[PDB]
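Novice: Right, I'll just put the structure down here and ask away after.
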Amino acid sequence: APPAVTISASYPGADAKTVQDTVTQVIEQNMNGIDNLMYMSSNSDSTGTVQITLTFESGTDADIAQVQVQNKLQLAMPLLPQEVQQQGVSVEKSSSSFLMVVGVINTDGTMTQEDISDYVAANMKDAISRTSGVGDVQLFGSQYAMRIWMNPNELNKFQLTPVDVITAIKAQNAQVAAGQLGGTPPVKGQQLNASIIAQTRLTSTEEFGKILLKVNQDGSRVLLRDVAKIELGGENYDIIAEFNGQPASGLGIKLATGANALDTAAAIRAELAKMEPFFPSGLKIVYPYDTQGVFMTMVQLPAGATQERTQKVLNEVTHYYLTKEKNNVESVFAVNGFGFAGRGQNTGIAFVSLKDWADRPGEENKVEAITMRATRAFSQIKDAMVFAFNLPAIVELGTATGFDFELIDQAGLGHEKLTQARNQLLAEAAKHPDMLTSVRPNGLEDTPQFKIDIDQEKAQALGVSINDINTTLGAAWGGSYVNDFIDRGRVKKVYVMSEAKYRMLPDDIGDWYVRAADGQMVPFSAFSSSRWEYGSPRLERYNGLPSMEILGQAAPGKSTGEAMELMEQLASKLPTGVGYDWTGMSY
Amino acid sequence: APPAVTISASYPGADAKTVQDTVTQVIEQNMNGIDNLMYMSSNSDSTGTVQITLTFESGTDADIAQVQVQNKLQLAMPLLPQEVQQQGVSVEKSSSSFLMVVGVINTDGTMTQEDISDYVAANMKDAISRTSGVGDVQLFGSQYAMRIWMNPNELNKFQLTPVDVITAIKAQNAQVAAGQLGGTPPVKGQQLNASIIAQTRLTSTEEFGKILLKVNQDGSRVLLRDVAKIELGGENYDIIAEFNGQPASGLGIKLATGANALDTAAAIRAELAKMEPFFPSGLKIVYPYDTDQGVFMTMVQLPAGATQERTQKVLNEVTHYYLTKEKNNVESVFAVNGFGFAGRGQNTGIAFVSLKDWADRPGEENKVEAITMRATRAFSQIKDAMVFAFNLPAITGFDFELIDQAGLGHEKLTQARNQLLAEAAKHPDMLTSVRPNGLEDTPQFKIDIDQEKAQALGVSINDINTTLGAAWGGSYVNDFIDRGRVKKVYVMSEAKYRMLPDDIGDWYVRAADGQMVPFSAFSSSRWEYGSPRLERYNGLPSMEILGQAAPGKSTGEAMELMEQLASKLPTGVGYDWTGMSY
Amino acid sequence: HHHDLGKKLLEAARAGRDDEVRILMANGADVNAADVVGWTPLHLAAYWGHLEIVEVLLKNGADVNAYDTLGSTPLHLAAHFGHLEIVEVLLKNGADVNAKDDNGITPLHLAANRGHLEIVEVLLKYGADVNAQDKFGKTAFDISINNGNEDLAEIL
Amino acid sequence: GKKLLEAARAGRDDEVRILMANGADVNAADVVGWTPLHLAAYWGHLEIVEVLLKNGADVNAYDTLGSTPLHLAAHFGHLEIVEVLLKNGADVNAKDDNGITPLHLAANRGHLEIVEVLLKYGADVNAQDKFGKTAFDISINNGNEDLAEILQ
């Protein structure tokens with residue numbers, strides 16, 4: 001296992017192209033002059049997330065590699081969008097796989113999934129994250145934010161836009177440095193010395209509800225609770241977990257590079273022991289995945305699949321383990337919205353823990369037999385790739401038999417032509433079953449996207465500023481991180497976003513109004529036009545150039561080098577400007 | 001000893017809760033992924049200061065620990081207030097104790113305490129700070145800033161606010177990049193290439209005084225000197241030092257973790273020798289603290305709320321005792337008001353005592369141990385001030401942390417602390433001097449801005465909070481050049497307009513319609529209690545408690561009782577052992 | 001009304017030291033000793049909710065209507081922070097139920113703001129002007145509307 | 001009819017004709033209202049455009065925002081496909097919800113060859129969108145001198 005350093009950044013509400021062109025490319029162009037670097041790869045997702053992986057030669061000091069990666073990243077940091085900097089860019093040196101999963105449930109059923117996830121994020125995640133040997137912690141859920149769910153009808157009723165809401169929240173949820181009475185230098189003889197306390201961070205939905213948006217000329221008040229629903233809610237709503245079918249959250253913990261797995265596991269349990277006596281009523285830690293005795297199941301739906309459709313497939317996966325394998329399976333920890341390949345509405349994972357070794361006698365009751373039967377039964381599931389695999393056993397197979405191919409755009413051809421070149425290579429590879437079997441892309445397919453064009457002339461003619469248009473569109477349909485507040489003594493985020501029912505259909509675009517310079521409210525349809533088009537939900541890049549990862553295995557008998565040789569021959573006949581390289585195993 | 005990395009940041013004019021909730025929690029939440037971290041502790045002060053101490057496992061490379069902390073802090077820098085970023089944050093790997101103190105006096109008495117402090121800050125501190133082995137340098141004083149002392153009466157008379165002053169300073173104390181004549185790419189045949197020079201930083205009180213704020217409608221001009229007094233003065237006025245009663249400044253130097261104490265001191269002395277030939281007339285280096293020992297310290301801690309003037313009275317009696325009663329043993333006393341053994345504040349002080357040569361102090365009663373205890377006994381009869389003398393090398397009972405584990409809050413944690421403190425007092429046979437290490441809540445002035453009235457009058461809440469903060473807390477505006485060196489510019493109310501609650505009503509803010517509105521028209525105020533110093537331990541609110549085993553009782557026995565006592569505390573209150581007790 | 005042992009009593013009354021306040025009161029300590037902000041031992045006892053000390057000081061002649069430098073009385077503090085028992089005893093001993101501070105804020109206003117329903121009823125029971133307005137023209141009912149406290153608006 | 005939507009998109013002629021030989025709906029739509037004719041005109045699969053129209057595909061099918069397969073072909077420079085659609089009866093003056101005609105999309109991308117074919121089939125050169133812009137205003141705003149004179 002070569003050591004890898006990972007850069008992760010978040011851009012809420014951003015599409016894959018926006019992420020790649022305002023974050024990923026800026027960082028990648030600075031990732032040079034780094035010692036012992038073998039290759040670099042990155043994903044830019046329409047979840048607004050980017051992950052850049054830098055893989056180093058075996059024997060590299062992970063400490064040095066993280067330091068050299070971060071120092072180059074500092075060159076890009078001031079060029080990144082403020083929305084990205086505010087989320088906190090992370091640089092980590094961890095294994096790619098989970099060492100353990102700490103599950104959390106409420107046996108009294110007095111806490112929802114949202115409640116449990118917030119308790120874990122606010123009372124558990126940080127101390128685990130600071131434990132030595134812990135390289136990465138993935139929360140299976142989301143910490144609470146103060147959610148302001150805007151209503152475009154009420155906002156238009158009072159000549160207000162999300163810009164006014166965002167401005168009032170910054171002004172009335174503020175932590176003011178106000179000085180002192182009798183501070184130095186004083187008038188000599190001063191006796192009184194006391195800090196001046198002015199505004200402080202709001203702490204509750206009640207306080208946010210009474211933020212004052214405007215005073216009508218007749219004296220009436222427009223409060224924030226008059227144009228929005230206000231509640232605690234997740235920073236995002238993408239990741240939801242279940243433990244044996246009951247609501248749950250948890251921490252996925254990855255091992256830091258070179259750290260001792262047993263010592264780190266013991267420190268984590270020791271840290272958990274400090275927190276248990278202060279759990280609220282009914283909360284309980286469970287251990288659904290300890291690294292055979294365990295395995296995972298990946299769930300991949302086509303891009304564009306909703307969270308509701310992914311939940312149906314996870315339900316079928318969980319049902320199988322809870323009924324067909326109930327004599328072997330001890331527990332299932334299923335996560336919707338987080339997958340082997342990262343995060344997205346169309347992915348999921350299940351961690352399966354088996355009963356005791358002596359409690360499962362027989363050939364048919366071992367991990368390989370169980371995962372084989374599971375994957376065969378899940379072969380039945382259509383419109384979803386589902387595979388059950390024990391992690392060390394598929395690494396072995398792949399390493400011995402598979403290859404990792406990168407199709408690279410080396411001439412500015414663009415995403416669509418790179419797709420065409422990929423499909424040409426895939427269809428031609430299907431004409432050689434004697435040497436190549438199951439040649440497949442590792443990424444996602446293009447999906448319909450809603451392209452809206454802001455007419456600059458109409459906006460200028462009406463007196464509507466572009467900043468107000470983009471802020472209104474982005475805050476309502478994507479959400480906007482406004483500032484921080486204090487939830488039960490802990491700093492947390494405040495988000496504004498449209499209530500769900502006003503950001504579901506394309507005609508909802510016309511329900512949103514922007515105030516012009518002369519005070520008139522202008523609907524979005526007055527200065528915009530829209531059309532459907534296709535675009536990528538996950539743009540890949542390899543060594544700084546657009547790329548598409550293609551995986552496959554040698555045919556039965558033929559060696560790895562013979563399968564790689566044919567791929568190079570096939571690649572030589574692709575359109576001009578399309579190159580290739582070998583990564584992962586094949587490197 | 002386990003190495004410790006210290007983060008320090010400052011938020012001018014912020015209270016302890018403001019510091020904790022905009023800075024300290026943000027940094028703590030992003031100290032993840034660092035190797036070999038044992039524990040983390042923090043103080044957030046109403047001086048506007050945060051200090052976060054990350055202690056690592058024994059054997060940890062201090063170089064690695066510092067770099068990992070710095071890198072994580074770099075990624076969290078965009079999350080901090082701009083006012084904190086622009087002050088500069090420091091990350092240090094040094095001992096907590098002083099290796100030596102470099103004292104500076106003026107024998108000719110031709111330089112005041114503040115003159116000397118600026119000279120040290122501007123001509124000496126930086127070269128000392130770059131000396132290898134120097135982990136931290138404390139200036140016992142402040143560097144000069146350009147001080148704009150605002151007058152609210154004259155500001156109102158010309159219908160101006162501190163917002164107008166700040167905007168004009170940024171506009172007229174500027175350094176403009178203006179390009180070149182014949183710059184590249186040029187036309188063919190160009191013969192002249194020359195830099196264009198536009199505005200440059202102001203350099204003097206006179207230049208700031210003629211900053212043009214507005215032209216009245218009749219044609220008259222309102223200059224900055226018409227609404228403010230302009231003078232060089234310290235960035236802050238909290239730290240003043242004395243050497244044998246005489247005005248002084250100095251540098252407190254701490255040894256970097258793993259450096260050689262002797263080699264570092266010699267390098268510091270060689271650096272000082274380079275500076276001496278260029279001192280102004282009268283300036284002299286004294287060496288009041290060089291680590292029997294021959295030296296010791298005395299700490300002064302008044303109750304929170306005490307002024308600088310009252311702390312100075314206590315330091316005077318401490319100094320007086322060494323300069324009279326211990327005449328024959330004491331060579332010098334270097335006393336610092338506003339800086340304490342732990343932290344910084346108007347209610348704390350420290351005195352470094354240097355003894356005459358060991359050969360001139362014969363007898364066991366004239367050695368460090370006998371002198372320091374005689375001093376502690378003499379100072380124990382001092383009313384409302386903890387004063388004792390002690391020792392500390394360049395490189396004990398128990399150390400207890402009470403932890404808020406369930407979001408209880410400061411008030412509830414205080415109550416649980418007091419409940420445990422009263423229970424420990426009822427076991428004098430086992431525990432002695434069980435006390436809090438921190439500070440007690442004090443009266444603060446809570447002012448409420450009425451959002452409805454402000455909007456009804458057309459007064460912007462940003463103008464209100466800027467006016468309040470700049471006047472009563474001070475605001476770092478931008479930089480200027482003082483005798484060739486980059487220094488800061490601060491605006492703040494002149495002292496006599498920011499002393500009493502009634503003064504709040506003398507400050508006016510301009511409404512959208514151009515009318516001046518006093519603070520009384522849109523604000524109300526009341527007294528309340530709040531913390532001058534908030535503590536955290538491993539990311540949670542905390543309160544450190546010190547104590548020792550009673551005579552004829554083991555330390556483990558005393559710790560056993562403390563654990564049993566803590567188990568009967570209110571729900572959601574935990575605890576942990578730290579420091580010596582870890 | 002604007003007011004060592006007197007300073008010892010102010011510290012004892014704050015930390016809830018029932019024995020020492022009895023000791024100092026028996027030794028001639030000033031019951032109406034004020035600190036720099038004008039708070040008496042009765043102010044601090046009402047703030048930090050020390051009921052026994054409240055009754056001890058009023059027995060020895062503590063000014064029940066002491067003003068601090070901003071016009072606030074111990075009943076203001078007791079009503080503001082939900083100390084119902086002390087609110088009772090203060091009114092028993094002649095506390096001005098309609099006392100206004102410099103901002104025009106009454107104990108009813110403070111009790112209403114923090115939603116201390118039982119205290120609001122005790123204050124009304126003693127004749128609190130339900131229509132008293134502060135400097136901004138706000139009544140206790142206005143406060144309940146802005147806070148969304150439907151229970152309070154019904155009590156009023 | 002989902003398998004035919006997938007087939008008309010990935011450009012696999014053989015699969016497609018199996019589907020209407022099996023009776024798959026030639027006018028099936030995905031959630032955005034794109035028929036297989038839309039998908040074929042977008043990715044530029046001429047043979048499938050001909051086959052689908054042969055099996056009774058709606059040549060004037062609208063998506064949820066009023067765009068027809070002619071809009072997509074004219075926009076993305078598919079000269080072979082704009083001809084095949086116009087001979088089968090594509091409304092050359094079809095307006096989407098924004099008043100955008102295929103002449104607008106063709107003029108914006110500088111597809112002068114498609115602009116001629118559109119004009120030849122009776123495209124209203126004076127057609128405006130919701131913003132009152134015609135194909136000539138697009139040529140002036142883009143600086144396309146040649147396209148500008150083809151619209152006089």
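Numbering starts fresh at 1 for the residues of each chain in the structure tokens, the chains themselves are lettered A, B, ... in the order given, and ligands are numbered from 1 as they appear.
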Where in stretch 213-449 of chain A does DSSP assign alpha helix (DSSP H), given as JSON, numbers by chain?
Specialist: {"A": [261, 262, 263, 264, 265, 266, 267, 268, 269, 270, 271, 272, 273, 274, 275, 307, 308, 309, 310, 311, 312, 313, 314, 315, 316, 317, 318, 319, 320, 321, 322, 323, 367, 368, 369, 370, 371, 372, 373, 374, 375, 376, 377, 378, 391, 392, 393, 394, 395, 396, 397, 398, 399, 400, 401, 415, 416, 417, 418, 419, 420, 421, 422, 423, 424, 425, 426, 427, 428, 429]}
Novice: Chain A residues within 8 Å of chain B, counting only C-alpha atoms: which ones, as an MDAnalysis selection string?
Specialist: chainID A and resid 67 70 85:86 88:90 92 123 126:127 129:136 171 175:200 212 214:215 275 278 486 488:491
Novice: Which residue gives the smallest distance to chain A among D:77, D:132, D:110, D:1, with only C-alpha atoms counted?
Specialist: D:132
Novice: Atom CA of residue A:121 and atom CA of residue A:266, how far apart in Å?
Specialist: 20.7 Å
Novice: Please return, as a list in words, all residues of chain A lying within 9 Å of chain C when only C-alpha atoms are considered.
Specialist: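 Therefore, the residues near the partner are residues 191, 192, 206, 207, 209, 210 and 223 of chain A.
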Novice: Applying 10 Å and only C-alpha atoms, which residues near residue D:43 remain after dropping the ones on its own chain fewer than 5 positions away? List them as a list in words.
Specialist: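 The residues that qualify are residues 416, 420 and 534 of chain A; 8, 9, 10, 11, 38, 72, 73, 76 and 78 of chain D.
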Novice: Could you write out the selected residues, including N, CA and C atoms, as a PDB file, in the first residue's frame?
Specialist:
ATOM      1  N   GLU A 416     -17.166  15.998 -23.755  1.00  0.00           N
ATOM      2  CA  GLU A 416     -18.015  15.217 -24.649  1.00  0.00           C
ATOM      3  C   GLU A 416     -17.184  14.365 -25.598  1.00  0.00           C
ATOM      4  N   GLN A 420     -16.896  10.272 -26.064  1.00  0.00           N
ATOM      5  CA  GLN A 420     -16.956   9.554 -27.334  1.00  0.00           C
ATOM      6  C   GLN A 420     -15.762   8.623 -27.496  1.00  0.00           C
ATOM      7  N   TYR A 534     -27.292  18.174 -21.137  1.00  0.00           N
ATOM      8  CA  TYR A 534     -26.614  17.107 -20.421  1.00  0.00           C
ATOM      9  C   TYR A 534     -25.254  17.585 -19.928  1.00  0.00           C
TER      10      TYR A 534
ATOM     11  N   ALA D   8     -31.499   5.028 -27.788  1.00  0.00           N
ATOM     12  CA  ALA D   8     -31.387   6.183 -28.670  1.00  0.00           C
ATOM     13  C   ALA D   8     -30.304   7.155 -28.220  1.00  0.00           C
ATOM     14  N   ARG D   9     -29.861   7.064 -26.967  1.00  0.00           N
ATOM     15  CA  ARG D   9     -28.844   7.966 -26.443  1.00  0.00           C
ATOM     16  C   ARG D   9     -27.431   7.445 -26.687  1.00  0.00           C
ATOM     17  N   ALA D  10     -27.175   6.180 -26.346  1.00  0.00           N
ATOM     18  CA  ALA D  10     -25.831   5.626 -26.451  1.00  0.00           C
ATOM     19  C   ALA D  10     -25.403   5.364 -27.889  1.00  0.00           C
ATOM     20  N   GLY D  11     -26.299   5.523 -28.859  1.00  0.00           N
ATOM     21  CA  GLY D  11     -25.944   5.326 -30.250  1.00  0.00           C
ATOM     22  C   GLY D  11     -25.648   3.884 -30.600  1.00  0.00           C
ATOM     23  N   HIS D  38     -35.520  13.252 -29.262  1.00  0.00           N
ATOM     24  CA  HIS D  38     -34.702  14.261 -28.592  1.00  0.00           C
ATOM     25  C   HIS D  38     -33.290  13.743 -28.354  1.00  0.00           C
ATOM     26  N   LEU D  72     -32.659  21.012 -30.686  1.00  0.00           N
ATOM     27  CA  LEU D  72     -31.397  20.400 -30.283  1.00  0.00           C
ATOM     28  C   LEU D  72     -30.459  20.222 -31.469  1.00  0.00           C
ATOM     29  N   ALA D  73     -30.989  19.760 -32.605  1.00  0.00           N
ATOM     30  CA  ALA D  73     -30.143  19.523 -33.771  1.00  0.00           C
ATOM     31  C   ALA D  73     -29.622  20.831 -34.355  1.00  0.00           C
ATOM     32  N   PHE D  76     -26.747  22.267 -31.951  1.00  0.00           N
ATOM     33  CA  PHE D  76     -25.469  21.580 -31.834  1.00  0.00           C
ATOM     34  C   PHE D  76     -24.866  21.204 -33.186  1.00  0.00           C
ATOM     35  N   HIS D  78     -25.924  19.832 -36.149  1.00  0.00           N
ATOM     36  CA  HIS D  78     -26.180  18.551 -36.806  1.00  0.00           C
ATOM     37  C   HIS D  78     -26.952  18.822 -38.096  1.00  0.00           C
TER      38      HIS D  78
END
Novice: What residues in chain D lie within 8 Å of chain A, counting only C-alpha atoms, written as a PyMOL selection string?
Specialist: chain D and resi 32+65+67+98+131
Novice: Could the residues in this selection be saved with C-alpha atoms as a PDB file, in the first residue's frame?
Specialist:
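So the final result, stored in part_14.pdb, reads:
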ATOM      1  CA  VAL D  32     -37.397  15.872 -18.424  1.00  0.00           C
ATOM      2  CA  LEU D  65     -39.812  23.462 -21.330  1.00  0.00           C
ATOM      3  CA  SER D  67     -38.028  22.361 -26.797  1.00  0.00           C
ATOM      4  CA  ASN D  98     -38.701  31.456 -23.916  1.00  0.00           C
ATOM      5  CA  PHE D 131     -36.374  39.597 -24.983  1.00  0.00           C
TER       6      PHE D 131
END
Novice: For each of C:5, C:120, C:77, C:66, take the minimum atom-to-atom distance to chain B, counting only C-alpha atoms, then give the residue where this is smallest.
Specialist: C:77
Novice: Using 8 Å as the limit and counting only C-alpha atoms, can you tabulate each residue of chain C that touches chain B, with its shortest atom-to-atom distance in Å and the two atoms involved, as a tab-separated table?
Specialist:
residue	atom	partner	partner_atom	distance
C:37	CA	B:527	CA	7.6
C:70	CA	B:526	CA	6.4
C:72	CA	B:526	CA	7.6
C:103	CA	B:524	CA	5.7
C:136	CA	B:453	CA	7.5
